[PDB]
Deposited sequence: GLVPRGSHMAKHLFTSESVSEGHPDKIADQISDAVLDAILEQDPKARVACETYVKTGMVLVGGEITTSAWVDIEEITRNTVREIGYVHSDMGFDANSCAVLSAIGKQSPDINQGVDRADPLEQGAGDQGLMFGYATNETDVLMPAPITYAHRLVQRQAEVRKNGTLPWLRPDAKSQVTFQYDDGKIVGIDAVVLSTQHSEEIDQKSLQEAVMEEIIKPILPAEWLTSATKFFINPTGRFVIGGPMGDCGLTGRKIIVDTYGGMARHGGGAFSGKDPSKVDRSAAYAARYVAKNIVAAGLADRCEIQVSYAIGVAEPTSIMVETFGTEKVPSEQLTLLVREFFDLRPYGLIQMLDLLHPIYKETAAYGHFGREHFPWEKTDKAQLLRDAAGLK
């Protein structure tokens, strides 16, 4: 069969909104690590609207956080359709809606919901190949735009990779899409050769690129208008890009702009952490975790482990190890993963999962899980 996933660059308007939301979150957590933050951003030609509810002792400058984020992304001139130095920034940020515990670890969930984690040993970083290489294509586009290798590139870009599988194994790459914004000073033919040479070939493994592979580079031609000029961007509209590219299920909650007390974000991080350590322990080839919560209840209402027939130990045992080695209570997750730190703007583009310096990507429980099962 074929499976397809996509990603978008840090200049895509939905991702601009995600990064502004988490830049606000980071600036707040730097002063007030216990802050409650629920920040929603809306970007369109000329303006950023930052809204939501915030409870914090922190004192932050929303305007400057927003301009600096957009400057880092690279929209700094009206020729690009958007300018961090001259766009409008509006705030519509209020307070969180008008009981506690002797042990904060026993705090009930702040909302109901369901979340999934996923891992698979088909890549080094234990992620599905399609989303992994889609992410690397747009990240390479930004890297090559920012270091001056291809200075006619502009921030907005989209990628899409179609993989072929045979009996759960990767046979190769069937189709690649790469669309990138660019200035007026480059023709489409020169663009396609440069993108192929400096973006696609350095990233996609040559063993997976046959002569049957289809390459769609700026398939409809010029791409000069981009970013918020062409399209609205909103926080939480790339939740599949943010996670597993559709290879795994998704419970619906957005990540960006939410402090770690929102189970939508922190329980999804914890579910990635469980699944990755199960696969890294060699207990399965691929593993999907579902957890759900009820508002006001600390213990998850459900925990499901799915291994698609690839488990190396009984699935009844895998469920036991998950409960034995992980604390999936709302504030348990926060403590287990040390989440009260300004680390979240970096997650808001190129994927929350896959990059092994995030705390939910550490495999520091794999050897323990292996020992607690039938040893090594």
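Unmodelled regions of the deposited sequence, numbered from residue 1: 1-11, 110-114.
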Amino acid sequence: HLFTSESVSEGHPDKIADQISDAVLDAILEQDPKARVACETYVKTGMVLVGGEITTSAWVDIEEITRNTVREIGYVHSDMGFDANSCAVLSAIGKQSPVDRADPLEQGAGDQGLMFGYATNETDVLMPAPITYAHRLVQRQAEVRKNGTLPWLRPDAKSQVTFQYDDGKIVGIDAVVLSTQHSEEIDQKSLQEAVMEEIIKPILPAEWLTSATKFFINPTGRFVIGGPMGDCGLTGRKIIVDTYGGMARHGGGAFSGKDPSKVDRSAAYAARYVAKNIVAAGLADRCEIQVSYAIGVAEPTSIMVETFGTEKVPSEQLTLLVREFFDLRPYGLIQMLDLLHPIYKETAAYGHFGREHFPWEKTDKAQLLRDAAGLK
From here on, numbers count along this sequence of modelled residues.
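Legend: mean Cα B-factor per stretch from the PDB entry, 305-313 versus 38-46; the higher mean is in 305-313.
For the pair 13-21 and 352-360, the mean B factor over Cα atoms is greater in 352-360. Taking only the listed residues 158, 238, 169, 135, the entry reports the highest CA temperature factor at 169.
Residue set 256, 243, 149, 85: peak C-alpha B-factor at 149 (per PDB entry). Ranked by Cα temperature factor within the chain, residue 338 sits in the middle third according to the deposited record. Looking at the C-alpha B-factors along this chain, the one for residue 102 belongs to the highest third. Residue 289: CA B factor in the middle third of modelled residues in this chain (values from the PDB entry). For residue 179, the recorded CA temperature factor ranks within the lowest third of the chain's modelled residues.
Sorting the modelled residues of the chain by their CA temperature factor places residue 92 in the lowest third.
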